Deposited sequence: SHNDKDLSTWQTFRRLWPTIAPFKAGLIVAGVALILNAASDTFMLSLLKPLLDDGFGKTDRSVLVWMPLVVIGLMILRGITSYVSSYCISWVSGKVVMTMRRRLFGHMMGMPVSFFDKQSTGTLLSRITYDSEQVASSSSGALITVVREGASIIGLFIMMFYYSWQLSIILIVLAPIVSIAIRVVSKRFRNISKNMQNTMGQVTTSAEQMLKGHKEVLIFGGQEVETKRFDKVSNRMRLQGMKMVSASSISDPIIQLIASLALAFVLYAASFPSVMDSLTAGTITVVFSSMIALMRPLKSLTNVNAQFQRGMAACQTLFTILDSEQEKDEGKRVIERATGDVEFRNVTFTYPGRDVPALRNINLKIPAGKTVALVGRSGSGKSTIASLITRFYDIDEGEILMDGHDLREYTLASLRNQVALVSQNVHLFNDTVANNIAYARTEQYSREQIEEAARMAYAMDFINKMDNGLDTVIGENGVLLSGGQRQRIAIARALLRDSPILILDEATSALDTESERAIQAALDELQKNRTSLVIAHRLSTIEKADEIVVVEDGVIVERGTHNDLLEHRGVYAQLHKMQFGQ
């Protein structure tokens, strides 16, 4: 599979192969430079030390510098080439994953953590390029290094080289033979921090301290274990290699071997045996790093194979000044088969407010999800302006609907652009300031240092749940969407300046198709039609006179609130 993963990847790389092939040449030459420099080491001792002043002056210092210049350039070139390519493919895959994930359905987003998906973008893409680049570099240059070194070794003393060779199998096998709580740490600290208030009033300081003590000590020993394991592996490896060499030098004792040697040649031969010790290390490990790179890549490719939400509606409607009708609708969450909704018909007539109230258990919220077609439905139909929602392309329908809630997520931008999110160009700031004014956001805003152009960004998080909601109104207002989905289930139960919010929302709800998941009494009373939801079905509905005496469970709910 791993090479099958790679060949799927190669297309994204192929456009940049040119950088690879130049990088390859540069790597080869660097190995050549390093081999060539040990070559020089023979003349310095034989020719150089055989009473020749000329050698130690010209050939050595000037060539060594010459070679150093070539060593630097080539390394610079290869680094730049690799970096460039590595940067190019990392960027490309990050952009595909970003676009792909944004297009997925919300079902996709419920499965995985937002941190996991983010981890894919930041880390897993740079890792695959990293590991493959390291793999390629290691192969090419370390490949070149060892054959250049072995040639040279054999050339000046083939006897010793063939000794060393016959020992390589043994050394290879011997080197083979010796070669979670952190989550609990984060968990332990995090769970104390989530339960700080509870900890304070039951006096749970002692038990949490001991709990952390236990976890923190377990990880200390676990973290020690890994360091200790790594520590012993290589001391033996070098010991074993050393043995092989000790034996090689032992061989030099015998006249048959030694007579072909000088001070210069024996020096280079051993020098090149030690030079080998790192290439061989890198080349044994190359396959491992290549594997882990391809494992991350196949993860990415898994995500990229997942289907994005289907948008086959070919109908556009520029504005909906019309009702939404539900026809015998049933909907089930993917993953379980106890339907959140079973047979729902409700008519939000164009321009009037419908508030639906329900128990926490019921899917009052799921209805609101459905109209915006975050999830598609199992049975029945939803028609907006008489056409089924599915007949419309998603952009137009979603443009029709606006959402307002305490938990609408804020982008790190100028408050003004947050209000005119995704339509900064279209809306003149004159409007923006007005919409922020009407939603009674403006008093809180002007306290900011930059005001509207101040950014709630870079994790500043100056705003609070109450303040955000008034921006959500401002956003929905300014855009002037034909339909309102307003969620009050997020409790927001200890507000400071709720009056502002209420007047804002009345303005917003006015003469605007408003569908409301309501927990608040003012919205309830002034809604035109009220609908009760118990589990998956509409139990009853009631208007003004109907409100006074509930056929449904309004009385019991009214007592609660």
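Segments lacking C-alpha coordinates (deposited sequence numbering, starting at 1): Unobserved in coordinates, per deposited numbering: 1-7, 187-197, 580-582.
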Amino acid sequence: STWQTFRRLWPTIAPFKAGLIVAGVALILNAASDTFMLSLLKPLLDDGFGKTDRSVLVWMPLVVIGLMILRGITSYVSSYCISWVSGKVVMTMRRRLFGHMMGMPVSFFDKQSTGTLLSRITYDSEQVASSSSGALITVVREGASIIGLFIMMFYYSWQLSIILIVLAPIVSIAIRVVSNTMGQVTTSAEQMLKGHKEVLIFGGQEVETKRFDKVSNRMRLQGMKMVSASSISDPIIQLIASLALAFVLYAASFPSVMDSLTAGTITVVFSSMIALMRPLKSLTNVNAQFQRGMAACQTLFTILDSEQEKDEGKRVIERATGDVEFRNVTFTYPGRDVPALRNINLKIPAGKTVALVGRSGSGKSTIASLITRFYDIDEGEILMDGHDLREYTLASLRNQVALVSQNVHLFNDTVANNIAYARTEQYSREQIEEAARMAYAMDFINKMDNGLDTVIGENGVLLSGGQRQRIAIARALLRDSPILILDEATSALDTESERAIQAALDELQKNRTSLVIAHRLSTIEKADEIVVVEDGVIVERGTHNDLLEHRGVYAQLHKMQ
From here on, numbers count along this sequence of modelled residues.
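Would you mind comparing 129-137 and 220-228 for me and telling me which has the higher average C-alpha temperature factor in the entry? Higher of the two, by average CA B-factor, is 220-228.
Averaging only over Cα atoms, indicate whether 292-300 or 404-412 has the higher B-factor in the PDB entry. Higher of the two, by average CA B-factor, is 404-412.
Determine which member of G335, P105, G143, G203 has the highest CA B-factor, using the values in the deposited entry. When the deposited C-alpha B-factors of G335, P105, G143, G203 are compared, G335 is largest.
Of the choices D47, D53, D535, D34, which one's C-alpha carries the largest B-factor in the record? Top of the list by C-alpha B-factor: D535.
Quick one: classify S497 as lowest, middle or highest third of the chain based on its Cα B-factor. Highest third - that is where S497 ends up once the chain's C-alpha B-factors are sorted.
Record-listed C-alpha B factor of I456: chain third: Highest third of the chain for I456's C-alpha B-factor.
Ordered by C-alpha B-factor within the chain, which third holds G115? Give me lowest, middle or highest, please. Ranked within chain, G115 CA B lands in the middle tercile.
Entry-reported Cα temperature factor of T265, expressed as the chain third it lands in: Its C-alpha B-factor, which the entry lists for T265, ranks in the lowest third among residues of this chain.
Which third of the chain does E208 land in by C-alpha B-factor: lowest, middle or highest? Middle third, going by the recorded CA B-factors of the chain.
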